[PDB]
Protein chains: 4
Amino acid sequence: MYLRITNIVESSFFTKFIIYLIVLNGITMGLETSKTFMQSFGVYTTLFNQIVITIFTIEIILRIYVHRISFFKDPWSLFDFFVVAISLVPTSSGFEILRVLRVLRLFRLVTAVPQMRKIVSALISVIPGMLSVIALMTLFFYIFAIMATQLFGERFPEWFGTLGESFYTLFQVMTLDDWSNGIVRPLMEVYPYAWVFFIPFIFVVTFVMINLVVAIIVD
Amino acid sequence: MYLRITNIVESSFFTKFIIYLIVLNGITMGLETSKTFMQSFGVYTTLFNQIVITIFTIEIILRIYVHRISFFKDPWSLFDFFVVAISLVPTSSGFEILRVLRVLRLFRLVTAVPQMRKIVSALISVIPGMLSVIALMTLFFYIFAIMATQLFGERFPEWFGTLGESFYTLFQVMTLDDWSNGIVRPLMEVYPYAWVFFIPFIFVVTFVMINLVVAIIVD
Amino acid sequence: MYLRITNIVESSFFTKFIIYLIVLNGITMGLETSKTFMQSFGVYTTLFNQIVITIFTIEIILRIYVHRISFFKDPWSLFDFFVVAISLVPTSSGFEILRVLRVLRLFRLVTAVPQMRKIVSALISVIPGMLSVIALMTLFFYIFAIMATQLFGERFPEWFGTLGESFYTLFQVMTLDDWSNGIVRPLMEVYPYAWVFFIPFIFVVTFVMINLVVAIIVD
Amino acid sequence: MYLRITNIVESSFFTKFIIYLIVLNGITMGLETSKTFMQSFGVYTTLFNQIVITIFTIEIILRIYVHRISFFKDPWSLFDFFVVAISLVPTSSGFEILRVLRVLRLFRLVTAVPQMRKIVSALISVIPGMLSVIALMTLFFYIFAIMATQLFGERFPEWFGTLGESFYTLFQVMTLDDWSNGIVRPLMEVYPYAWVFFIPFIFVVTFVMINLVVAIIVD
Ligand SMILES: COc1ccc(CCN(C)CCC[C@](C#N)(c2ccccc2Br)C(C)C)cc1OC
Ligand SMILES: [Ca+2]
Ligand SMILES: [Ca+2]
Ligand SMILES: [Ca+2]
């Protein structure tokens, strides 16, 4: 009974059938943001959403039947599973973010449509080499998050009152977002010398990113 | 009678002549932005323009006999066509904006100088390779924009009330422009976990971008 | 019994563990950020803090007896030395800014983990190459800061009132932080030609940067 | 006479002495930043200045004899000539800006130090191969600056009343500086489609720039 379906899955028609559905649901999903649309035609779309979700679930099972254990070591396939499984919990008691997460299902376009997968693959592939600098930056940020909560969090709770807040604010400055008129000049009206931790924090932070990118190019 | 024209149109005087006209027009088009200039010299310029549009109009018709079906298979020539074209379409009819669109005709200086066109060509030529990254990034933006409108549009209709607006703000965060104190910090005052939405978004979008340059460089 | 003591601190059991105390101190220090936590658990960590500082002190002393003159020509241990020493400076010198500098010893995880060291050292190696770039820039900065102070200082004391202040604003404009709406537009209301100063400045600082990166790549 | 004068100017003593003098006049002008310093030592620094311009006028004179007409074919010296010459034009009456342009003489540290000469010349060296893109981009800016003024200049004069104003504003958007909340969102409150102008625009300027940098790198 294996042989019957295995021929169905590998067909030009199975894949193209799934892909045409995704691009369709993605067009559907666009229209789902207009509440006005959701009046005049709202009923069609909860249905369409239930149908596609059913089809995909069936479709994942056959592929596991066909691929067995070789399915759960293909990351692209694992993602489609995790992206499909996610899309199935009822949106009531569970966080209502999952009603919003189900648009991730459009990322199935990447997994099933070639060219798209490689680019993601090329990109993911620079990540393991970098994990160390990522560990560095995170330890670095953390040492500085601690310093900032203690140095400025008393008088400036919105920016530095909590360790998590300190991370964020600190993150903004690295992204160079309104950082001087916005955060430190305020800081200097009380702390004339905050530039001693924000001007160098900025140098380091800039220095590493630039050197990281450079290190990508050489490699 | 068909045989006579080709030797005129192809001459190095022809090409030298048209480029001169573009530069004079471009000087005059600068002048048209000045009000003072207009009372004082308005009427010379409004008429100079239609003489130039005809001369260009004459050149294109002529160029089509010599180059035949292959005229319209030339991308450089097609631009030439539509740009003088748009300067021919009447004012009240269609839009009113295209009257002002006319300034685009200074871009003929690019079409007609071999040195400019090759840079442009070289520039255009990285793109067929980018069409994967454009496609990929457009798909990614689309997906987060849908999530953002539904997450954030009822309480912030100005910013996310709508898909377009959702796109717009997301392009903006991507350019890192006042992204935090100006969009996300406010957001965070009603929706605290918005940093989970935008800080990841920021990483992804700036990462994809950086790596795009490396493969441009290497290739 | 020399080599026996030497046997001890060079062991893999000792270091990973004291690395683990770093990881441990790193955790409690995050915890010290909470006023809630500090209230009902303050003595656990006021306690946890004293043991660790002591342990680190014996290690530094010991590693010296093992290495002697060699200890003090190792850049990573001098760092190690100085950041424990700082913690051996008491609570107050009026400047209780030092009690905050204590959390600097968490950079010891960098000194203590060879894979960390590899990354930092790679990063440093970039710098000497740029010492030439650094002097030219600091000079241009020095002069223009002077022109700025004299030019804008009387009417705009916050921004340019002072050599140091013009330095800060100039650094800000160089990071391209709200440079237009935030500084130059206001200035031109009093001094309409200020664009003749700052756009050239921007031009140079952007330019040199770009060029800075290119040098890094080749090096 | 000729050879006797010619042999002191070319010496390691002459130029070291001038460099030594330049560093003081640079240190001296920073002190002139402090009106505090000026009411307490201003008489010391007002003539230290005065004899330095004397010495430099003389130094310049000697160097002219040694190199004759070939002096005015040297970029660094012609620079030295005018940059000192400027400080000799009388402050009073005709114009008072000329007093501040006098500070440019501190740029001679570059002129007189060969490492500095090496750096600058290297920098200038990348410019000739960039000019063509300067031409295209400047031509693009010139086209859109015309457009922004006719399109947005009526209702928004501060930003677009004048070409220079559209240039400056486009340059800002180019510098990507507070462009959405600061510029285009307001435009959009009257002209909802203003983004069809500005969003493509940002794509272009960012694209050309990267590829400009990239073109630099590979060679
Ligand atoms: C995420 O961390 C970052 C932290 C910091 C920066 C530098 C940001 N930059 C100052 C903003 C625009 C500046 C730029 C130049 N200058 C530019 C970009 C696009 C168009 C024109 C220009 Br003039 C360019 C080199 C990124 C980038 C980061 O990611 C890319
Ligand atoms: Ca920025
Ligand atoms: Ca900014
Ligand atoms: Ca800003």
# chains A, B, ... in the order shown; residues from 1 in each chain; ligands from 1
>>> residues_near_ligand(ligand="ligand 4", cutoff="9 Å", atoms="only C-alpha atoms and all ligand atoms", output="list in words")
residues 177, 178, 179, 181 and 182 of chain A; 177, 178, 179, 181 and 182 of chain B; 177, 178, 179, 181 and 182 of chain C; 177, 178, 179, 181 and 182 of chain D
>>> residues_near_ligand(ligand="ligand 1", cutoff="10 Å", atoms="only C-alpha atoms and all ligand atoms", output="MDAnalysis selection string")
(chainID A and resid 171:177 202 205:207 209:210 213) or (chainID B and resid 174:177 199 202:207 209:210) or (chainID C and resid 174:177 202:203 205:207 209:210) or (chainID D and resid 171:177 202:210 213)
>>> interface_residues(of="chain D", to="chain B", cutoff="8 Å", atoms="only C-alpha atoms", output="PDB file with C-alpha atoms, in the first residue's frame")
ATOM      1  CA  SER D 132      31.497  58.617 -13.018  1.00  0.00           C
ATOM      2  CA  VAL D 133      29.145  57.340 -10.300  1.00  0.00           C
ATOM      3  CA  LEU D 136      25.193  59.528 -12.298  1.00  0.00           C
ATOM      4  CA  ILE D 143      16.511  65.194 -11.410  1.00  0.00           C
ATOM      5  CA  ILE D 146      13.801  69.344  -9.465  1.00  0.00           C
ATOM      6  CA  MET D 147      10.690  67.136  -8.939  1.00  0.00           C
ATOM      7  CA  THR D 149      10.391  71.139  -5.485  1.00  0.00           C
ATOM      8  CA  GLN D 150       7.533  71.349  -7.939  1.00  0.00           C
ATOM      9  CA  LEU D 151       5.589  68.552  -6.249  1.00  0.00           C
ATOM     10  CA  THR D 162      13.791  75.790  -3.387  1.00  0.00           C
ATOM     11  CA  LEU D 163      15.931  73.339  -5.238  1.00  0.00           C
ATOM     12  CA  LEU D 176      18.544  58.333   5.906  1.00  0.00           C
ATOM     13  CA  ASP D 177      18.163  60.927   8.798  1.00  0.00           C
ATOM     14  CA  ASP D 178      14.846  60.993  10.557  1.00  0.00           C
ATOM     15  CA  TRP D 179      13.267  60.498   7.142  1.00  0.00           C
ATOM     16  CA  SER D 180       9.857  58.840   7.962  1.00  0.00           C
ATOM     17  CA  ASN D 181       8.502  60.392  11.198  1.00  0.00           C
ATOM     18  CA  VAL D 208      24.316  52.566  -5.975  1.00  0.00           C
ATOM     19  CA  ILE D 210      26.831  49.655  -1.858  1.00  0.00           C
ATOM     20  CA  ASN D 211      27.867  48.713  -5.367  1.00  0.00           C
ATOM     21  CA  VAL D 214      31.899  46.917  -3.803  1.00  0.00           C
ATOM     22  CA  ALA D 215      33.509  48.159  -7.030  1.00  0.00           C
ATOM     23  CA  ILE D 217      36.912  46.590  -2.876  1.00  0.00           C
ATOM     24  CA  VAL D 218      37.474  43.949  -5.585  1.00  0.00           C
TER      25      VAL D 218
END
>>> atom_distance(atom1="CA of residue 17 in chain A", atom2="CA of residue 61 in chain A")
16.1 Å
>>> atom_distance(atom1="CA of residue 85 in chain B", atom2="CA of residue 63 in chain B")
14.6 Å
>>> select_by_dssp(residues="range 71-194 of chain D", states="helix (DSSP H, G or I)", output="ChimeraX atom specification")
/D:71-73,75-88,98-112,114-125,131-152,157-160,163-174,180-190
>>> decode(residues="range 39-175 of chain B", atoms="C-alpha atoms", output="PDB file, in the first residue's frame")
ATOM      1  CA  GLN B  39       7.687  86.117 -14.489  1.00  0.00           C
ATOM      2  CA  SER B  40      10.910  87.440 -15.860  1.00  0.00           C
ATOM      3  CA  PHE B  41      11.648  84.769 -18.441  1.00  0.00           C
ATOM      4  CA  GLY B  42       8.742  82.377 -18.292  1.00  0.00           C
ATOM      5  CA  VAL B  43       7.539  82.453 -21.835  1.00  0.00           C
ATOM      6  CA  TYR B  44      10.855  81.656 -23.560  1.00  0.00           C
ATOM      7  CA  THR B  45      11.063  78.421 -21.594  1.00  0.00           C
ATOM      8  CA  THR B  46       7.520  77.209 -21.963  1.00  0.00           C
ATOM      9  CA  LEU B  47       7.991  77.373 -25.782  1.00  0.00           C
ATOM     10  CA  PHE B  48      11.585  76.105 -25.911  1.00  0.00           C
ATOM     11  CA  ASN B  49      10.195  72.929 -24.320  1.00  0.00           C
ATOM     12  CA  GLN B  50       7.798  72.016 -27.158  1.00  0.00           C
ATOM     13  CA  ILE B  51      10.454  72.575 -29.779  1.00  0.00           C
ATOM     14  CA  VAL B  52      12.647  70.114 -27.891  1.00  0.00           C
ATOM     15  CA  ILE B  53       9.811  67.584 -27.567  1.00  0.00           C
ATOM     16  CA  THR B  54       9.271  67.632 -31.333  1.00  0.00           C
ATOM     17  CA  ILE B  55      12.946  67.331 -32.301  1.00  0.00           C
ATOM     18  CA  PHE B  56      13.119  64.231 -30.018  1.00  0.00           C
ATOM     19  CA  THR B  57       9.859  63.079 -31.528  1.00  0.00           C
ATOM     20  CA  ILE B  58      11.357  63.421 -34.974  1.00  0.00           C
ATOM     21  CA  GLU B  59      14.451  61.382 -34.021  1.00  0.00           C
ATOM     22  CA  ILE B  60      12.402  58.424 -32.644  1.00  0.00           C
ATOM     23  CA  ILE B  61      10.189  57.956 -35.709  1.00  0.00           C
ATOM     24  CA  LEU B  62      13.312  58.046 -37.938  1.00  0.00           C
ATOM     25  CA  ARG B  63      15.152  55.581 -35.642  1.00  0.00           C
ATOM     26  CA  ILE B  64      12.339  53.050 -35.993  1.00  0.00           C
ATOM     27  CA  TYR B  65      12.657  52.719 -39.803  1.00  0.00           C
ATOM     28  CA  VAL B  66      16.432  52.038 -39.657  1.00  0.00           C
ATOM     29  CA  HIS B  67      16.423  49.726 -36.618  1.00  0.00           C
ATOM     30  CA  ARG B  68      13.042  48.073 -37.418  1.00  0.00           C
ATOM     31  CA  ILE B  69      11.534  45.414 -35.095  1.00  0.00           C
ATOM     32  CA  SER B  70      14.833  45.386 -33.241  1.00  0.00           C
ATOM     33  CA  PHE B  71      14.230  48.997 -31.995  1.00  0.00           C
ATOM     34  CA  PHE B  72      11.568  47.710 -29.651  1.00  0.00           C
ATOM     35  CA  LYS B  73      13.826  44.854 -28.576  1.00  0.00           C
ATOM     36  CA  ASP B  74      16.328  47.440 -27.264  1.00  0.00           C
ATOM     37  CA  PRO B  75      15.749  48.337 -23.567  1.00  0.00           C
ATOM     38  CA  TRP B  76      17.739  51.589 -23.932  1.00  0.00           C
ATOM     39  CA  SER B  77      15.599  52.663 -26.858  1.00  0.00           C
ATOM     40  CA  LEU B  78      12.337  51.691 -25.187  1.00  0.00           C
ATOM     41  CA  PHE B  79      13.168  54.143 -22.327  1.00  0.00           C
ATOM     42  CA  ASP B  80      13.784  56.834 -24.958  1.00  0.00           C
ATOM     43  CA  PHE B  81      10.397  56.052 -26.402  1.00  0.00           C
ATOM     44  CA  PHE B  82       8.289  56.240 -23.275  1.00  0.00           C
ATOM     45  CA  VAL B  83      10.052  59.260 -21.756  1.00  0.00           C
ATOM     46  CA  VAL B  84       9.481  61.658 -24.650  1.00  0.00           C
ATOM     47  CA  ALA B  85       6.122  59.889 -25.003  1.00  0.00           C
ATOM     48  CA  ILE B  86       4.957  60.928 -21.566  1.00  0.00           C
ATOM     49  CA  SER B  87       5.937  64.486 -22.447  1.00  0.00           C
ATOM     50  CA  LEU B  88       3.543  64.242 -25.401  1.00  0.00           C
ATOM     51  CA  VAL B  89       0.420  63.094 -23.486  1.00  0.00           C
ATOM     52  CA  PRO B  90      -2.008  66.006 -22.839  1.00  0.00           C
ATOM     53  CA  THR B  91      -2.455  67.634 -19.397  1.00  0.00           C
ATOM     54  CA  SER B  92      -6.089  67.389 -18.179  1.00  0.00           C
ATOM     55  CA  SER B  93      -6.440  63.897 -19.732  1.00  0.00           C
ATOM     56  CA  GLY B  94      -5.341  60.992 -17.503  1.00  0.00           C
ATOM     57  CA  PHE B  95      -3.412  62.466 -14.543  1.00  0.00           C
ATOM     58  CA  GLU B  96      -2.076  66.040 -13.848  1.00  0.00           C
ATOM     59  CA  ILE B  97       1.097  64.729 -12.231  1.00  0.00           C
ATOM     60  CA  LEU B  98       2.643  63.501 -15.543  1.00  0.00           C
ATOM     61  CA  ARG B  99       3.069  67.151 -16.594  1.00  0.00           C
ATOM     62  CA  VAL B 100       5.519  67.261 -13.700  1.00  0.00           C
ATOM     63  CA  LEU B 101       6.829  63.735 -14.525  1.00  0.00           C
ATOM     64  CA  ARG B 102       8.357  65.392 -17.629  1.00  0.00           C
ATOM     65  CA  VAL B 103      11.542  66.207 -15.702  1.00  0.00           C
ATOM     66  CA  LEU B 104      12.445  62.499 -16.080  1.00  0.00           C
ATOM     67  CA  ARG B 105      13.598  63.372 -19.622  1.00  0.00           C
ATOM     68  CA  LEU B 106      16.924  64.496 -18.382  1.00  0.00           C
ATOM     69  CA  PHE B 107      17.640  60.795 -17.928  1.00  0.00           C
ATOM     70  CA  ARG B 108      18.302  60.624 -21.706  1.00  0.00           C
ATOM     71  CA  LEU B 109      21.770  61.894 -20.909  1.00  0.00           C
ATOM     72  CA  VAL B 110      22.215  58.417 -19.370  1.00  0.00           C
ATOM     73  CA  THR B 111      20.756  56.559 -22.416  1.00  0.00           C
ATOM     74  CA  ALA B 112      22.999  58.292 -24.929  1.00  0.00           C
ATOM     75  CA  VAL B 113      26.399  58.414 -23.259  1.00  0.00           C
ATOM     76  CA  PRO B 114      27.984  54.915 -23.569  1.00  0.00           C
ATOM     77  CA  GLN B 115      29.941  55.454 -20.357  1.00  0.00           C
ATOM     78  CA  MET B 116      26.826  56.172 -18.255  1.00  0.00           C
ATOM     79  CA  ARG B 117      24.783  53.286 -19.642  1.00  0.00           C
ATOM     80  CA  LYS B 118      27.524  50.697 -18.873  1.00  0.00           C
ATOM     81  CA  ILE B 119      27.681  51.711 -15.211  1.00  0.00           C
ATOM     82  CA  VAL B 120      23.883  51.480 -15.158  1.00  0.00           C
ATOM     83  CA  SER B 121      24.121  48.138 -16.971  1.00  0.00           C
ATOM     84  CA  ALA B 122      26.735  46.926 -14.511  1.00  0.00           C
ATOM     85  CA  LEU B 123      24.446  48.168 -11.768  1.00  0.00           C
ATOM     86  CA  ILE B 124      21.402  46.488 -13.310  1.00  0.00           C
ATOM     87  CA  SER B 125      23.531  43.351 -13.770  1.00  0.00           C
ATOM     88  CA  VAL B 126      23.963  42.503 -10.027  1.00  0.00           C
ATOM     89  CA  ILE B 127      20.140  42.483  -9.879  1.00  0.00           C
ATOM     90  CA  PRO B 128      19.273  39.382 -11.847  1.00  0.00           C
ATOM     91  CA  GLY B 129      21.190  37.655  -9.038  1.00  0.00           C
ATOM     92  CA  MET B 130      19.408  39.807  -6.421  1.00  0.00           C
ATOM     93  CA  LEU B 131      15.974  38.770  -7.720  1.00  0.00           C
ATOM     94  CA  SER B 132      16.186  35.961  -5.207  1.00  0.00           C
ATOM     95  CA  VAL B 133      17.001  38.240  -2.317  1.00  0.00           C
ATOM     96  CA  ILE B 134      14.394  40.791  -3.429  1.00  0.00           C
ATOM     97  CA  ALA B 135      11.805  38.108  -3.747  1.00  0.00           C
ATOM     98  CA  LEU B 136      12.814  36.518  -0.477  1.00  0.00           C
ATOM     99  CA  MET B 137      12.841  39.824   1.442  1.00  0.00           C
ATOM    100  CA  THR B 138       9.583  41.039  -0.107  1.00  0.00           C
ATOM    101  CA  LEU B 139       8.009  37.740   0.954  1.00  0.00           C
ATOM    102  CA  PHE B 140       9.416  38.137   4.510  1.00  0.00           C
ATOM    103  CA  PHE B 141       8.201  41.748   4.839  1.00  0.00           C
ATOM    104  CA  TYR B 142       4.803  40.745   3.635  1.00  0.00           C
ATOM    105  CA  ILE B 143       4.525  38.050   6.237  1.00  0.00           C
ATOM    106  CA  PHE B 144       5.572  40.250   9.217  1.00  0.00           C
ATOM    107  CA  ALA B 145       3.347  43.092   7.886  1.00  0.00           C
ATOM    108  CA  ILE B 146       0.327  40.926   8.043  1.00  0.00           C
ATOM    109  CA  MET B 147       1.247  39.920  11.632  1.00  0.00           C
ATOM    110  CA  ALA B 148       1.829  43.537  12.569  1.00  0.00           C
ATOM    111  CA  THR B 149      -1.433  44.927  11.256  1.00  0.00           C
ATOM    112  CA  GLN B 150      -3.504  42.330  13.206  1.00  0.00           C
ATOM    113  CA  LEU B 151      -1.362  42.607  16.316  1.00  0.00           C
ATOM    114  CA  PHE B 152      -1.117  46.332  16.412  1.00  0.00           C
ATOM    115  CA  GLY B 153      -3.624  48.152  14.153  1.00  0.00           C
ATOM    116  CA  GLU B 154      -6.660  48.553  16.405  1.00  0.00           C
ATOM    117  CA  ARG B 155      -4.802  50.685  18.923  1.00  0.00           C
ATOM    118  CA  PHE B 156      -2.351  52.118  16.403  1.00  0.00           C
ATOM    119  CA  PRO B 157      -4.268  52.604  13.130  1.00  0.00           C
ATOM    120  CA  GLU B 158      -1.889  55.368  12.007  1.00  0.00           C
ATOM    121  CA  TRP B 159       0.986  52.905  12.053  1.00  0.00           C
ATOM    122  CA  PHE B 160      -0.391  49.373  11.454  1.00  0.00           C
ATOM    123  CA  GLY B 161      -4.045  49.869  10.934  1.00  0.00           C
ATOM    124  CA  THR B 162      -3.688  48.651   7.386  1.00  0.00           C
ATOM    125  CA  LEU B 163      -1.335  46.413   5.337  1.00  0.00           C
ATOM    126  CA  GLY B 164       0.285  49.291   3.426  1.00  0.00           C
ATOM    127  CA  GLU B 165       0.859  51.127   6.653  1.00  0.00           C
ATOM    128  CA  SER B 166       2.152  47.920   8.066  1.00  0.00           C
ATOM    129  CA  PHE B 167       4.587  47.671   5.144  1.00  0.00           C
ATOM    130  CA  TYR B 168       5.597  51.285   5.478  1.00  0.00           C
ATOM    131  CA  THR B 169       6.435  51.148   9.119  1.00  0.00           C
ATOM    132  CA  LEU B 170       8.334  47.889   8.490  1.00  0.00           C
ATOM    133  CA  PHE B 171      10.372  49.468   5.709  1.00  0.00           C
ATOM    134  CA  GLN B 172      11.103  52.313   8.145  1.00  0.00           C
ATOM    135  CA  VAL B 173      12.245  50.096  10.991  1.00  0.00           C
ATOM    136  CA  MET B 174      14.433  48.418   8.341  1.00  0.00           C
ATOM    137  CA  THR B 175      16.052  51.732   7.547  1.00  0.00           C
TER     138      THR B 175
END
